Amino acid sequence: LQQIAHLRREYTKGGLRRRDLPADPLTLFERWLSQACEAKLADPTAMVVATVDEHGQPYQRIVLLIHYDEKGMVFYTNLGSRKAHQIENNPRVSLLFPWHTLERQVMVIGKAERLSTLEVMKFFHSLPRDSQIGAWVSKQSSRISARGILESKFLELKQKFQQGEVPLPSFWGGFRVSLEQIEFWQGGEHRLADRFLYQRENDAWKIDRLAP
């Protein structure tokens, strides 16, 4: 708890100049994610996902980043959830990594596309057994009349699955968010943040500094 405090002070010694930026924004994201992990932030892979309903109202919630590469950033969710309904009507989403403990933010803008069954199955059968079970329990985002509904169904499903592999719910899936824009924010001198926007354009990245 002094080792962690020290690491956070070192990773917060930030300037951020254009000439030190990598060509691929995911190189910088990888570096900051590794620092969030080493500094033991709570849930370093946690990201706030924003979606928009049919009335133009934005909604937000935290999800975990499970995978990223050039094709985008992946999370898993219940396909009957509010976020899945909103994505089906409007695939435009924003992701924000709230790394303000290290004076950082990352924001990703892109379109969410569903994962295939093969991808979902691979991830599901990597989860701890008790995570597989919980995925069955909850009709995510529906009104429920009592907490006991969850607790009862959890007990029943434990009993039902006890002596086999936990099957994949038909209602569990995932989304990959394309990399149209990636924005980096790092606290800077005189409380003037360094801010860079990577914009995907003509199979390349256009980088601009933004005023904070």
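Heads up: residue numbers just count along the shown sequence, starting at 1.
When the two stretches 152 to 160 and 25 to 33 are set side by side, the higher mean Cα temperature factor goes to 152 to 160. The stretch 6 to 14 shows the higher mean C-alpha B-factor when 197 to 205 is compared against 6 to 14 in the entry. Of the residues listed, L102, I87, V120, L127, the entry assigns the biggest Cα temperature factor to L127. Of the candidates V63, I144, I182, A39, the PDB record gives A39 the highest C-alpha temperature factor. Residue-level temperature factors show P58 in the lowest third of its chain, judged at the C-alpha atom. Split the chain's modelled residues into thirds by C-alpha temperature factor. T77 is in the lowest one. Looking at the C-alpha B-factors along this chain, the one for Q140 belongs to the middle third. Annotation for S116: CA B-factor lies in the middle third of the chain's modelled residues. Sort the modelled residues of the chain by CA B factor and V49 lands in the lowest third.
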